[PDB]
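**Q** please work out how this folds:
(2 chains)
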Amino acid sequence: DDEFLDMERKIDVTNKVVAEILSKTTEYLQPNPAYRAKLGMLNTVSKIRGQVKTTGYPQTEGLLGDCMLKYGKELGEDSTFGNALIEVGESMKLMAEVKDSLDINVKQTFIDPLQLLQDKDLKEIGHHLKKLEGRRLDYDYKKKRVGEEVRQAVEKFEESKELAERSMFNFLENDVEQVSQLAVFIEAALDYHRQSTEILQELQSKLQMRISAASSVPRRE
Amino acid sequence: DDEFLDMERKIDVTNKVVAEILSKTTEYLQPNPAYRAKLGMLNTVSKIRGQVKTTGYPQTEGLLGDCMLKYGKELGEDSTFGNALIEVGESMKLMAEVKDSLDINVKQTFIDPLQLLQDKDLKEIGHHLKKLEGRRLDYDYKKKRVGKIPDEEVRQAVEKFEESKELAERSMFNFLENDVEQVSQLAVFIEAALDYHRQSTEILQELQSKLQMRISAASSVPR
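**A** Residues are numbered from 1 along each chain as shown, chains lettered A, B, ... in the order given. Sharing the structure here:
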């Protein structure tokens, strides 16, 4: 009955992390409350929606991209800054899709998975623990003489007791499944950073050249 | 005199561009309004006794890492998931530290310099033009009164009006001629985001290597 209390506190900790990792992650994607979907919407596992943001939100990078492009054009094709702006905004727009993906890939590939874990094994463990605890109470009170009752009460207490140790031990003997999940997250985060590097590197060059050409001519005084 | 009016429309767009980049950049760094302010105050630290770049605010990556550290240890020295959770949380701590540098460095080398372009170069120009509206409004006054006032009454009204138009003109010209320097400021910015992503890719990988082993060693085991 000791292991029990110990395996329990562990699933108990397991629960706290899943929720926490979920919110902390979901937040990592959209730090701004204004552009972070309702929890109700983020609580659904949509195999056709990885959206973590609110309908239409261009993503920060997109907003930084639109303005550089709008105003860069206004400045005319004769201004080095306006033309560079158009190129930088162009890049920023492509930086918004690479982010849209990070969001999506993490929603459906890491968050929803941790959610199915919540809605299945954990919830199941819960009822096994909740039924048990309940079975445990009606027995204490009853084991002090009633009137076929004391009988099928104990047998009910054991069923629920083992059944609670089964699914619970068979989960704390699972671990590795959750660890593989984490990995799925790091992988998704990896493309986002590598792909964001490639775009920025491209832009970096496109800008290093513009400066050079413009700098190899004596600016009018 | 559009050659003039064209230069004004430009300097006009510039500010709209500049101010917009200042807010969008800031929101980029800190989507969460709670720390946008705590970000415009960031200073570069001296490192005589260590390299600690404090921020004054958490980074999402840091938050997340904390939760994994806290419950990972709580799980148990024997738990595989907690053991993995601890290692992953630690990485998150570096991810955060790298985030702090993007904030600081973009603030220092892109936002402050760009705010400076406002508080000085664009201000000086906004001023000369404002100064010219007066001469131009005054000029047109004495002009509407030729024959009703001295000869120097209108002659001066033009000089200070032309000596001004040329001041606002020459001033707009120089700024628009060195915008090369601004594409240069954008280059300092991209360099910042660029650096930040690579050092992030560097951390993630190190961890992914360790995670595989962890997952492998946890499966190539008896039950």
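**Q** so residue A:103 sits against residue A:25, correct?
**A** No - counting by C-beta atoms under 8 Å, residue A:25 is not a contact partner of residue A:103; they are 10.5 Å apart. C-betas here are computed from N, CA, C, even on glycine.
**Q** could you pull out the buried residues of the lengthiest helix in chain A?
**A** Using DSSP state H to define each element, chain A has its longest helix at helix A:176-215. Buried residues in helix A:176-215, counting neighbours by 16 or more other C-beta atoms under 10 Å in any protein chain shown, are found at A:176, A:178-183, A:185-186, A:188-190, A:192-197, A:199-200, A:203-204, A:207, A:210-211, A:214.
**Q** got it, and stretch A:79-98?
**A** Here stretch A:79-98 shows A:79-96, A:98 as buried, counting by 16+ other C-beta under 10 Å.
**Q** again, but for stretch A:9-24
**A** Residues A:10, A:11, A:13, A:14, A:17, A:18, A:20, A:21, A:22, A:24 are the ones in stretch A:9-24 that count as buried (16+ other C-beta under 10 Å).
**Q** packing partners for the helix or strand containing the last one?
**A** When elements are assigned from DSSP states H and E, residue A:24 belongs to helix A:2-29. Applying 3 or more C-beta pairs under 8 Å, 6 or more residues apart in numbering or on different chains; DSSP states H and E, one finds that helix A:2-29 makes contact with helix A:80-106, helix A:112-117, helix A:149-169, helix B:60-75, helix B:80-106.
**Q** helix B:60-75 and that one, what's the angle between them?
**A** Orientation check (axes from the mean of the first three to the mean of the last three C-alpha atoms, to 10 degrees): helix A:2-29 against helix B:60-75 gives 180 degrees.
**Q** check contacts around residue A:150.
**A** Neighbouring residues of residue A:150 by C-beta atoms under 8 Å, 6 or more residues apart in numbering or on different chains: A:142, A:143.
**Q** measure it to residue A:143 for me?
**A** Relative to residue A:143, residue A:150 is positioned 6 Å away (C-beta to C-beta, to the nearest Å).
**Q** now residue A:40
**A** Using C-beta to C-beta, residue A:40 is found at 44 Å from residue A:143.
**Q** the more surrounded of those two?
**A** Higher neighbour count among residue A:40 and residue A:143: residue A:143, with 13 against 7, using other C-beta atoms under 10 Å in any protein chain shown.
**Q** got the phi/psi numbers for the more buried one?
**A** Main-chain torsions, residue A:143, degrees, to the nearest 10: phi -50, psi 0.
**Q** what helices and strands are in contact with the longest helix of chain A?
**A** Using 3+ C-beta pairs under 8 Å, 6+ apart: helix A:176-215 touches helix A:80-106, helix A:112-117, helix B:80-106, helix B:180-217.
**Q** residue A:56 is nearest to which of the ones you listed?
**A** Minimum separation from residue A:56 across these (C-beta to C-beta) falls at helix A:80-106, 12.1 Å.
**Q** near chain B at all, that closest one?
**A** Yes - part of helix A:80-106 sits near chain B under the criterion C-beta under 8 Å from any C-beta of the partner chain, namely A:80, A:81, A:82, A:84, A:85, A:88, A:91.
**Q** format those as a markdown table; extra columns: distance to residue A:218.
**A** Output for the residues of helix A:80-106 next to chain B, formatted as a markdown table (distance: C-beta to C-beta, whole Å):
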| residue | distance to residue A:218 |
| --- | --- |
| A:80 | 14 |
| A:81 | 18 |
| A:82 | 21 |
| A:84 | 20 |
| A:85 | 24 |
| A:88 | 26 |
| A:91 | 29 |
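**Q** and of those residues, the nearest to residue A:130?
**A** Nearest to residue A:130 out of the residues of helix A:80-106 next to chain B is residue A:91 (C-beta to C-beta; 53.7 Å).
**Q** find the nearest non-adjacent residue to the closest one, please.
**A** Leaving aside its sequence neighbours, residue A:91 sits nearest to residue A:203 (C-beta to C-beta, 6 or more residues apart in numbering or on different chains; 4.0 Å).
**Q** which residues sit in contact with that neighbour?
**A** Residue A:203 sits next to A:87, A:88, A:91, B:190 when contact means C-beta under 8 Å, 6+ apart.
**Q** same question for residue A:28.
**A** B:60, B:61, B:63, B:64.
**Q** I figured residue A:81 hits residue A:71, correct?
**A** No - the criterion here is C-beta under 8 Å, and residue A:81 misses it with residue A:71 at 9.9 Å.
**Q** okay, residue A:133 and chain B: tell me how far apart.
**A** The gap separating residue A:133 from chain B is 22 Å, by C-beta to the nearest C-beta, to the nearest Å.
**Q** mind telling me the two of the contacts of residue A:28 farthest from one another?
**A** Largest separation among these by C-beta to C-beta: B:61 and B:63, giving 7.4 Å.
**Q** list the contacts of the residue nearest to residue A:142 when sequence neighbours are not counted.
**A** Once flanking residues are discounted, residue A:142 sits nearest to residue A:153: 5.3 Å by C-beta to C-beta, 6+ apart. By C-beta under 8 Å, 6+ apart, residue A:153 lies in contact with A:135, A:138, A:139, A:142, A:143.
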